[PDB]
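**Student:** Please work out how this folds:
(7 chains, ligands or ions: 1)
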Amino acid sequence: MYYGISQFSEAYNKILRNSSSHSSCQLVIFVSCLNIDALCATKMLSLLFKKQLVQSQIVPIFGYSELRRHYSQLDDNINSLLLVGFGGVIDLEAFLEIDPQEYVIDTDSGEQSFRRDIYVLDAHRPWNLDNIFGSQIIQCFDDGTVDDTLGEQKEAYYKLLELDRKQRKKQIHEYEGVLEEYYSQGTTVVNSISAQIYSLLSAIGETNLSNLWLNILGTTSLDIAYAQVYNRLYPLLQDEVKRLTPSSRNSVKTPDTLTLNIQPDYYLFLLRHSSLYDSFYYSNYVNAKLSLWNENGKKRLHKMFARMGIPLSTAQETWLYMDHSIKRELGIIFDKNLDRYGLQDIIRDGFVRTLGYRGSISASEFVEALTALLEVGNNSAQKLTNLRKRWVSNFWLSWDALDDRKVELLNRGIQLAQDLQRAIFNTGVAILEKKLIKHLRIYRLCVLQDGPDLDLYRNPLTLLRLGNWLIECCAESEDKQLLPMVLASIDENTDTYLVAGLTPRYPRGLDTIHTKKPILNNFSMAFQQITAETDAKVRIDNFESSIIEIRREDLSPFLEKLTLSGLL
Amino acid sequence: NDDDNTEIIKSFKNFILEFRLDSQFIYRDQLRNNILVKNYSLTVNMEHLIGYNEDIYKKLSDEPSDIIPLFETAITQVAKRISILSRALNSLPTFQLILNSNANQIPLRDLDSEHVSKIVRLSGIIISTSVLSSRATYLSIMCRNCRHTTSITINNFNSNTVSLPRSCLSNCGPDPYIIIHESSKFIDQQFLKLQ
Amino acid sequence: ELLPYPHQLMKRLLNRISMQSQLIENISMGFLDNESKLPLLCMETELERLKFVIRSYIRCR
Amino acid sequence: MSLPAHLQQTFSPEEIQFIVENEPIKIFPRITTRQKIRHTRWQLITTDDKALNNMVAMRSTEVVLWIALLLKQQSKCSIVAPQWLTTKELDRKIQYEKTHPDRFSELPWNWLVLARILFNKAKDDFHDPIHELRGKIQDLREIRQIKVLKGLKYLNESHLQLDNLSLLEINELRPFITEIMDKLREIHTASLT
Amino acid sequence: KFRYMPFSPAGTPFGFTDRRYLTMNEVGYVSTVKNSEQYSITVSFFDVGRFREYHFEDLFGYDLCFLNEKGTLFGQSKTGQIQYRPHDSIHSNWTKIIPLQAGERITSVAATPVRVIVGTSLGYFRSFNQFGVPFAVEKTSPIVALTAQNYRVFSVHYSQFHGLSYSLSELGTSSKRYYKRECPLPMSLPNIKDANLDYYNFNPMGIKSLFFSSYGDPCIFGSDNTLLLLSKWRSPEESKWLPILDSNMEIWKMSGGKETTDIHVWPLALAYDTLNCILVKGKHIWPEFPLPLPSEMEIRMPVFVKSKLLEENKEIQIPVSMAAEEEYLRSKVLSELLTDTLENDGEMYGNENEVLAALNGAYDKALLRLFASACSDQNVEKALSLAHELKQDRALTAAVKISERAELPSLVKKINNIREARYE
Amino acid sequence: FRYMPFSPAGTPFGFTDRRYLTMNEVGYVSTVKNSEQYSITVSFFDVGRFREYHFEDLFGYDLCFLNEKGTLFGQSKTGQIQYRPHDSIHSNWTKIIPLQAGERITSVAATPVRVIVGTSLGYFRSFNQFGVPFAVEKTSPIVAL
Amino acid sequence: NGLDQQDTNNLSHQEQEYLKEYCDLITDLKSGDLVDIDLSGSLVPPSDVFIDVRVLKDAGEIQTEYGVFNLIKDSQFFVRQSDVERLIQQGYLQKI
Ligand SMILES: [Zn+2]
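**Tutor:** Numbers count the residues shown, from 1 in each chain, chains lettered A, B, ... in the order given. For reference, the structure is listed below:
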């Protein structure tokens, strides 16, 4: 239990006193690129530091070897380095290859002072104890929830540390078996980074409306990946809202006034700022429920729209341009109709915030815009470095968009989200009509060879969104069971395939006990195993293990090995 | 309802006077601009109107034909309030409204028998432009035998035109109020044709 | 038209700027060896403000 | 160069802001700088730090503006609104201005800049709702401009007087006014023998 | 008769809004809102450097909360539960539940670094240590409120049989001892328009708040809204309560003749020089969750006459005579209190002696202005009396100057004789 | 409680058009109401020590206190306090006390050292014999003084 | 030259050494007295000493007075105003 939940504030104060130098910066921030919750946490830290006026440098990273080379670039004087949700499971110290004896100042009683102290907050679940406990330089923020449950694993690891006889040999072997038990497990997340960050803020008491707002945004970002985690944290967020609701009730809206509400939200992207028809149209859950990919999906969509009695031309016109006379009544109309279609689970309460007369924006809409700006804000390895630079640039653009004044940039991200949803829909319907999915009863396999936007698709987040859409489509087809989702995309500029291994996911609203148990991404372990022997020159530098870049020619033997692999 | 109409006018002026972004009331800004260069015209975005108050925008959409003259009167009163000293007809020409919709554009083709007297957004290419045609903003008349002279301020927001006054109106005839086209104030109109 | 130069005034000002500068230096070096460093930053901000004013005056002259 | 032409002609709005920052202001502390009889002093040449050594959280303290803004950025300072800033005073000034088109009201010249800065930062500490204050000060600005316009009708080659005009407006007006005024003076001098 | 609803110092009634303040103190302000299942406790501080906000939850929904520089208390009267949290919180928080009879209610609870104070509507009184050990249980008259300092503790008791009684206790580090024991309390209960009734539902006794000043002397604030100040409580016999505030009269000064009922005030603490307190522009006689900035009010006695100041008006015009009266009385009382504080405890921040001397100079200036007024009255006895009150030889020279300006020489030579009297 | 003002050894007006404000060993003040003004017959038990005098009172001072240093007249509702020395070698000074809302003077006191006012709201007012307010205190409603 | 047509072709010789010696004179003004203030100091009033700046171009580490600072491409950095100003003079920083 390296960092207790309550001891988070103590660690924070220790970091302060280590870097308590207004004259000289002793803090560096390292953040995983392409993570919304990471961006929210970085905003949190930035506001906290500007409260403390502590000098600091903020760096976005996407690659693990990038982290290593940057660390090499880093000056030793920097006593404060923060890691956001990346590499926690992998032994970063082993990945860093540090000597604590070099780092320790005044070992003696025993205290461990290092000229660089690196504090790691990770969202990944496996949470390697040797990573947590091997080095005191490695400072891991611990939710406790994994840690206490790891008590058996932690004591087994401690025993392994002690023992470096047949009875002791078999005890050590049993401990190793336990290790493999929590090993070979697909990493996930149960804690939105924003959540425990805001918890630490509450421990410090510096929470404002924005802090809670950004925590809401990060959790909303997590929602698709782990719906149940979002649902569990949802009452906590609502209660904190009540804690921070202004006393004034139903005051007349004025430009100065800013309000955040907890009101029913409909699982339609950009619903307020897009139309009704389109919001239904590219909604992955709506598509999967209605099979909108096929023509009969469109037929059923028209049937249900007429069932609400909404005129068509009214439906394809934007929600904001809708007359309020119908807009107020919409919710009860869905209540009457969605159930008849079974589409009622889409209605759920959400957080929508407005300022002045700009309008109300769903947190879901916000995270969609952020993801869009990340995706399309802007030799072969050098080209990949250029793409990493552009992705860092998109990260900075999204960072900037989080600022209130950049409402225009937020609208740009909105437009990018519309375009990306459109393109993802086109690609998905294209592959579905052509049946480009080829399930091998070990994993449903689809590959990207033709069609445009492969440059867009090779951007990892675009591939992830398409994967989420297709997982939703397959899951809503309960006829076929959950199977691993493997997807491979080509870039002719690199002339090599891009692969992401997506774990199967239950459909939303699946509260059954068998659906309560989450699925672990076996794809990661298969990739690690392939890298271990007979590697096809894949790239794992990316902070996501599932996403892997492979030679296009070498992907076919990779599939052969995947068929050979039994862990899939 | 005339008092209610005046209340709606007051609501619209509350819109324009207390709609700001970043402390900036763009409407008074364009107002003072059109005062400096005397263009009695005002530009407004309906998205802003919805953001400030949906209800006024909805009332607009219900029957813009008569909502617009009330808005013009409100803008004229606002200009009188701002650009003229307190306690200091045709003294100040009425401002006219300019709007940008950004909604969908129904094609010129396939326009419905519906949408009559309804605000619409379209696009097309001009094939012809008409010469200017004045329009009686203010009308000056006299009751002929009765000699009663009266003022009329007709707006181009109906249908077709308002018929000439009938009866004496304080027999003088079915149209005693003979128009004296000197005090009467006119504004030019131009006819357009879109392909 | 250029005004007379109150030489005594500005020389006293320069003495003040100096002594403030060495004072800030001492505070900085002592920190290199109170918890709230904000009064030091207030000193620095005052110094910057006055130096900016002096620069403006000199450039104008 | 030594000095850009635009700068020497008139004081920039940022220079006005600096000057206003040099003004003192009433605030409330959130720190007891007083040390119990039962650290580091501010030691400012430009301003007596003895007051600065003497703050106690939530007590009557007057400090120069810029340090107040600096600490208000931090959570440790609470600002006090001026008495003229009160909505009742604003309404009285509005009524005065409407009553007396000839002249202006005795506003504290820096009031415009003060209002700007406080709206930027002190939005929280306004007891009165901020938006109404913004509207009222905007209206006062408009009325002052209009009163200027009538004065422009009465521009003279001999004497120009401005009793109660704010520092901001006079600064922004000085280039054009001086150009016109000196041109008239040159014309008259040429007329004279 | 008496509802005996529990009272917290300047606590905000629950009101229509779910959020509500529990207790207002200079150390910090505490509010809470029920989450529809339980109330959300937040511990907010006026001085951020002293302490950092920690906000948490309790299914108990503690009826009252006490806080001080060392620790904070949370009491639920109906359940008798008491929760303690050190403000530094380095020590573990401990929570107990007091015994109580059927229907017993805890009116108020107080905390000190030396002892922990328990006071119920039944009048049962419990003393506890900072760690949870009960010092003793003892029987007292029911108490409307409690007043606690580091070691100074003031107790005020009420019984419809006993009326209003109050005792002052100086516990110190040890060897607790009472300056006063159940002294009858002079205070005007509100007479038995919706807001005050709601407050009585919250606090029937109608007292807004009760606390110690900046120098720690008692400060009773009630429905009269005119706080009373206790004089020389160090001397028991000499101690007496003096009117120190004219709230409604100061409002009439501020209102300028137009009394407004929306004005309500809650002094979180009393600075010796002037009152620090907060006001409302609204019907509520309790503050609102968005915390307004407290406005420091000058402390003044209600010696002013409504009719006389109305004549002055016909922004409130004050006679230099009557203003001089009020200010020299203020100088006298403040000088006496400050000197007595220097006696029993000395100087809190060193500056006390010179501000006291400046106060003496202001008082002498006041006396000399009164001497000028007496010269206008042209009465030798008044001038002689003023000469007696004068405490400076140079002030006596000033009196000589005033008398010769008034041209009566008999007063001049009497002042001279007073001077030779004062020399030795 | 009704809290009507009290004067030592006073007599209610009642049916009689005349009454005693206060019966004191130094003197007995008998007085009559004229229905527009309050005629006062300030009678002294020792005329040689203080010659009898009697002046009409327009105010109608409800409470009267008399002692060898001076006779004091106060109207409870108005709050104005009138003093006259029995020796009368000093001026007959007159002042007015501040009054709270509905505050009334319950009792009157006169002393050569000081002048004390007893009111309904329990305020104690320390004045000198010349009218200078030495101190002001608030306590329980002082019915008697 | 004071805040930090570089080519002299647009410029004749005489005026070339004129400007060179004028720059030397400016340095002399900086030299000796008045060294405390920057003779070519920013004429904008200083708003805030501590500001966060993203690195416009990657140029490695550059030494400040006391704090190490690496110019890693597009990296936020919230520090005092002197260093950020001087790097803006070279333009290696941006966005304020
Ligand atoms: Zn007629």
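**Student:** Tell me who's in contact with the closest residue to chain A within chain C.
**Tutor:** Using CB to the nearest CB, the single residue of chain C nearest to chain A is residue C:37, 5.0 Å away. C-beta here means a position set from N, CA and C on the backbone, and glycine is covered the same way. Shown in contact with residue C:37 (CB atoms under 8 Å, 6 or more residues apart in numbering or on different chains): A:20, A:22, C:31, D:40.
**Student:** quick one: which of these is nearest chain F?
**Tutor:** Looking across the contacts of residue C:37 and measuring by CB to the nearest CB, the closest to chain F is residue D:40, at 46.5 Å.
**Student:** Need the three-state assignment for the closest residue to residue D:113 other than its chain neighbours.
**Tutor:** Leaving out its chain neighbours, the residue that sits closest to residue D:113 by CB to CB, 6 or more residues apart in numbering or on different chains is residue D:20, at 4.4 Å. Taking DSSP: H, G, I helix; E, B strand; the rest coil as the rule, one finds residue D:20 in the helix state.
**Student:** In the helix or strand that contains residue B:97, which residues have enough neighbours to count as buried?
**Tutor:** Residue B:97 is part of strand B:96-100, with elements assigned from DSSP states H and E. Buried residues in strand B:96-100, counted by 16 or more other CB atoms under 10 Å in any protein chain shown: B:96-97, B:99.
**Student:** Tell me how far it lies from the chain's centre.
**Tutor:** 9 Å (CA atoms, centre = their mean, to the nearest Å).
**Student:** For that strand, which helices and strands make contact with it?
**Tutor:** Judged by 3 or more CB pairs under 8 Å, 6 or more residues apart in numbering or on different chains; DSSP states H and E, the packing partners of strand B:96-100 are strand B:41-45, helix B:64-83.
**Student:** how about the residues of chain G near chain A?
**Tutor:** Proximity of chain G to chain A, by CB under 8 Å from any CB of the partner chain, involves residues G:50, G:52, G:54, G:61, G:64-70, G:72-80.
**Student:** Can you name the residue of chain E nearest the ion?
**Tutor:** Residue nearest to the ion within chain E (CB to the ion): residue E:258, separated by 54.5 Å.
**Student:** which residue packs closest to the most centrally placed residue in chain B, ignoring adjacent ones?
**Tutor:** Centroid-nearest residue in chain B: residue B:69, 3.7 Å away (criterion: CA atoms, centre = their mean). Nearest non-adjacent residue to residue B:69, counting by CB to CB, 6+ apart: residue B:155, 4.5 Å away.
**Student:** in terms of contact, does that neighbour touch residue B:71 like I think?
**Tutor:** No. Using CB atoms under 8 Å, residue B:155 is not in contact with residue B:71, being 11.1 Å away.
**Student:** So between the two, which is more surrounded?
**Tutor:** Neighbours per residue, other CB atoms under 10 Å in any protein chain shown: of residue B:155 and residue B:71, the larger number sits with residue B:71, 24 against 17.
**Student:** Distance check, that one against the ion.
**Tutor:** Look at residue B:71 and the ion: by CB to the ion, to the nearest Å, they are 34 Å apart.
**Student:** now residue G:66
**Tutor:** Using CB to the ion, we find residue G:66 at a distance of 95 Å from the ion.
**Student:** neighbours around that residue, how many?
**Tutor:** 16.
**Student:** now residue B:129
**Tutor:** Neighbours of residue B:129 (other CB under 10 Å): 9.
**Student:** check contacts around residue 21.
**Tutor:** Went with chain A since none was named. Residue A:21 neighbours (CB under 8 Å, 6+ apart): A:55, C:31, G:66-67.
**Student:** You answered for a different chain; I wanted chain C.
**Tutor:** Taking CB under 8 Å, 6+ apart, one finds C:47, G:36 in contact with residue C:21.
**Student:** Taking chain G, what residue is nearest to chain F?
**Tutor:** Closest point on chain G to chain F, by CB to the nearest CB, is residue G:48, at 53.7 Å.
**Student:** List the contacts of residue G:71.
**Tutor:** G:55, G:57-62, G:87, G:92.
**Student:** do residue E:94 as well
**Tutor:** E:84, E:131-132.
**Student:** what's the answer for residue E:186, then?
**Tutor:** Residues near residue E:186 by CB under 8 Å, 6+ apart: E:164, E:228, E:241, F:122, F:138-140.
**Student:** For those, work out which two are farthest apart.
**Tutor:** Greatest spatial distance among those (CB to CB): E:164 and F:138, at 13.3 Å.
**Student:** who touches the spatially closest residue to residue B:182 that is not a sequence neighbour in this structure?
**Tutor:** Among residues not flanking residue B:182 along the chain, residue B:140 sits closest, at 6.6 Å (CB to CB, 6+ apart). By CB under 8 Å, 6+ apart, the residues touching residue B:140 are B:149, B:151-152, B:179-184.
**Student:** Filter these down to the buried ones, ChimeraX style.
**Tutor:** This is the ChimeraX syntax for the buried subset of the contacts of residue B:140, where burial follows 16+ other CB under 10 Å:
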select /B:152,179,184
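**Student:** Okay, and which of the contacts of residue B:140 map to strands?
**Tutor:** Counted as lying in strands by DSSP state E, out of the contacts of residue B:140, are B:149, B:151-152, B:179.
**Student:** Reformat the residues you listed as a markdown table; add distance to residue G:33.
**Tutor:** Converted to a markdown table, the ones in strands among the contacts of residue B:140 look like this (distance: CB to CB, whole Å):
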| residue | distance to residue G:33 |
| --- | --- |
| B:149 | 85 |
| B:151 | 79 |
| B:152 | 81 |
| B:179 | 85 |
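**Student:** out of the residues you listed, who's nearest chain A?
**Tutor:** residue B:152 (35.2 Å).
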